[PDB]
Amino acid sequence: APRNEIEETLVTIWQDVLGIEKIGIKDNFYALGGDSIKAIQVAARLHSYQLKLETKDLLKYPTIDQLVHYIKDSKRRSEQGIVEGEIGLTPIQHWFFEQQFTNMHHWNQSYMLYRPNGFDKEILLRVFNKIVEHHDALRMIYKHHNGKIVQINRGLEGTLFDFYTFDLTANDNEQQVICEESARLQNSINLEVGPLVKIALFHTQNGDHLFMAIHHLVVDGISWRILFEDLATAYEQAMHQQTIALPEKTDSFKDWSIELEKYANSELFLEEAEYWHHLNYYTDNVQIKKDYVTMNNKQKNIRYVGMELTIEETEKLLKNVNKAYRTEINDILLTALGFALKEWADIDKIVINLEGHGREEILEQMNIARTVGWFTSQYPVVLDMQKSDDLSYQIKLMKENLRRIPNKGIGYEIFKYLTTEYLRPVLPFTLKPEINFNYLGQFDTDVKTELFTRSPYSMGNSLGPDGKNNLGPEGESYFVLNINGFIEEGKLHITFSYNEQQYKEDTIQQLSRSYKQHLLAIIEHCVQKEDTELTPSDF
């Protein structure tokens, strides 16, 4: 496509994705609050103009004036039709079934949106019809054959979502009723027959609240943003009596899984095994002390402590911190975690599980930037606290740590679950970190639209481990500390999820307060340091 046209297209897209009214072509993507997920959103939006962005290029060329040259014409179309057939499990799906959770049909994410002027339920039914047609993985079922799990993408058959309507206009205990009724949706998924999508519409005095629960096997944080965008688009089309029409599909979860399994056994990938040998040298097996001795920890006993930053502090973190060492947000949040764990438990070395969005550019001819599915990656990161005091050293060390492996560590569970046994490198696949870390990113641009906003009846973070009714209460917890971060209403929230039987709340409160203090110190340090890097350090 023409340069000047590509420039105008990028300006439009960046303004929409970053939520900024006017963006100039020399404005820096990350200074404007861009991040890894917003880069994927840009790629998704470009796909609809038949343009292609390699998201790694945004890091290298972070202004429109630079980046325009690296935007390419799409040289291929993804499946636009109804995807059907068996699909191989992807690594986090193998992880899921390996856990053999009690009542594993109850293991969901959820969200609730709010429209003061109400939703038209007949329109919503048409919209969700289109959504489950368009986003094929939502139609998945999971069967048993020869004792082995078989994942199948249904076509347009059976029921693809359940939809319930509740008139609460004469209730004055709306919050309680919403929790009770939505909990019954959350625990009613049947993985073998479907649907995996459960929707409730709550009519109240202050307007309508739209609750959605989706089994985690077919969704993730990026996917929810895609669904919110298409809900808003479809609803607006229908409410104005226009034909419902969504953006072109990117590559199917089916096609992705096929190519991923091939990648898992490719020589180019196997060659990366040496980058993982460092894990074999973590033998300290550091176990954190608990307040109480306990066994068989279940979700019903999980609680959390939360910290938050101010809007002003969060703006610094999102717009004026990464420029110091050319970091991404995980570099900063994990450097804080290291300091906090050292102060809190006198820990000098510990392994954590790091979650990521998993939408890495590992496959040439694939584009999953607008695909709904569970793409999350996870891998072990060893935090090493040596210096202290030399923040420059500790930040640069953590940056090096997270770049010691390719593609943000997506390869670890690919090796673990997909690579054929003979070819599999000898890594410590038995490693089970006690601490999980997941930063989910920014949502305000996704959830606060012209059509709807966040529901005041939402309790906590519904996309995290503490989301109310998300997880079967009798299911086993699998982390001692489950640390989740996200931006909501302009503020960073970090939550520390723990087992009530394992720790006193005060003990976790201590960790959380320490984490905030170290994070604020790191933010202030980085704000002071100017951007002077010439060339990168990424893997």
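From 1 onward, residues are counted along the sequence shown.
The deposited model assigns a higher average Cα B-factor to 62-70 than to the other stretch when 35-43 and 62-70 are compared. The deposited model assigns a higher average Cα B-factor to 186-194 than to the other stretch when 371-379 and 186-194 are compared. Which of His134, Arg126, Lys342, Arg359 has the largest Cα B-factor in the deposited entry comes down to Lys342. Taking the PDB entry at face value, the top CA B factor among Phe437, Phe415, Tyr393, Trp256 belongs to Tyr393. Remark: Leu51 belongs to the highest third of its chain, ranked by C-alpha B-factor as recorded. Per the PDB record, residue ranking by Cα B-factor puts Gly411 in the lowest third of the chain. The deposited CA B-factor of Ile350 belongs to the highest third of values across its chain. Sort the chain's modelled residues by C-alpha temperature factor and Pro473 lands in the middle third, per the entry.
When the modelled residues of the chain are ordered by their C-alpha B factor, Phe496 lands in the lowest third.
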